[PDB]
Each structure stands twice: as structure tokens, then as C-alpha cells.
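Enquirer: pasting the sequence and an experimental structure:
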Amino acid sequence: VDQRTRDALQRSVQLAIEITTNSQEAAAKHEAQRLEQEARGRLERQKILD
Amino acid sequence: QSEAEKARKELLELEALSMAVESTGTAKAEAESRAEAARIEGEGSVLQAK
């Protein structure tokens, strides 16, 4: 019935959204860091084979 | 680093053949020069003493 309760429920969803945007940005960063290491693993091995 | 180490053992054992050359060749050169100069002095001394 009260509107101020509906506001308190409105900020509840603004958080729920930011929780999924933070999860793709953390899941992207973990894939960036994994590939950046797969190159370094080869670039460092290639210098030694030269 | 286990991969950049199985190859680095190969880089190391080739440097051991190479460092053999730089050392046995340098000492072979400075010693055969002294042996040749002392042979000229030695064959001349026989004539000079004659």
C-alpha cells in the first residue's frame, strides 16, 4: 500500500542488476588474464628455442 | 616454467660445447706459439755454439 515501501523495493533491483554486470566484467577479466599467459608461455619459450 | 626449462637445458649444453672451443682453442694457440719460437732458438743455439 505505502509508496515508501515500493521505493525500498526499487533500490533492491538496482543492486540486482549491478551484481550481474560485475560478474561478466570479472568473468571477462579472468579470460583476458588466462590468454595473456598462454602467449607469454610461448613467447618466452620461443626466445630460448632461438 | 617447466617448459621454458626443458629447452633451457638444451641451450645450456650447447654453450658447454661452445665454451670448450673458446678455451681449448685459446690455450692451444698461446702455447704452440711459445713452442715454435723456442724451437727456432734451439736450432740456432746448436749452430751458434758451433
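Expert: The structure has been received and is ready for your questions. Numbering: from 1, shown residues only, chains lettered A, B, ... in the order given.
Enquirer: does chain A sit close to stretch B:18-30?
Expert: No: shown here: stretch B:18-30 not in contact with chain A (Cβ under 8 Å from any Cβ of the partner chain), separated by at least 15.5 Å. The C-beta positions use only the backbone N, C-alpha and C, and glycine is treated the same way.
Enquirer: flag every residue of chain A that's near chain B.
Expert: So chain A meets chain B at A:41, A:44-45, A:48-49 (Cβ under 8 Å from any Cβ).
Enquirer: what does chain B put close to chain A?
Expert: B:3-4, B:7-8, B:11.
Enquirer: about what we covered before: neighbour-wise, give me the winner out of the residues of chain A next to chain B.
Expert: Tallying neighbours with other Cβ atoms under 10 Å in any protein chain shown puts residue A:45 at the head of these, with 17 neighbours.
Enquirer: how much distance is there from stretch A:21-39 to the middle of the chain?
Expert: What separates the centre of stretch A:21-39 from the centre of its chain is 7 Å, taken as Cα atoms, centre = their mean, to the nearest Å.
Enquirer: what about residue B:1, which SS state?
Expert: coil (DSSP: H, G, I helix; E, B strand; the rest coil).
Enquirer: from residue B:7, how far out is it?
Expert: Separation of residue B:1 from residue B:7 (Cβ to Cβ, to the nearest Å) stands at 11 Å.
Enquirer: so those two - more neighbours on which side?
Expert: residue B:7 (15 against 8).
Enquirer: what sits against the more buried one?
Expert: A:45, A:48-49 (Cβ atoms under 8 Å, 6 or more residues apart in numbering or on different chains).
Enquirer: circling back: inside helices: which ones of the residues of chain B next to chain A?
Expert: Per DSSP state H, helices hold the following members of these: B:3-4, B:8, B:11.
Enquirer: what about residue 33, helix or strand, and which?
Expert: Let's take chain A. Using DSSP states H and E, the element containing residue A:33 is helix A:3-49.
Enquirer: you looked at the wrong chain, it should be chain B
Expert: Element membership for residue B:33, per DSSP H and E: helix B:8-48.
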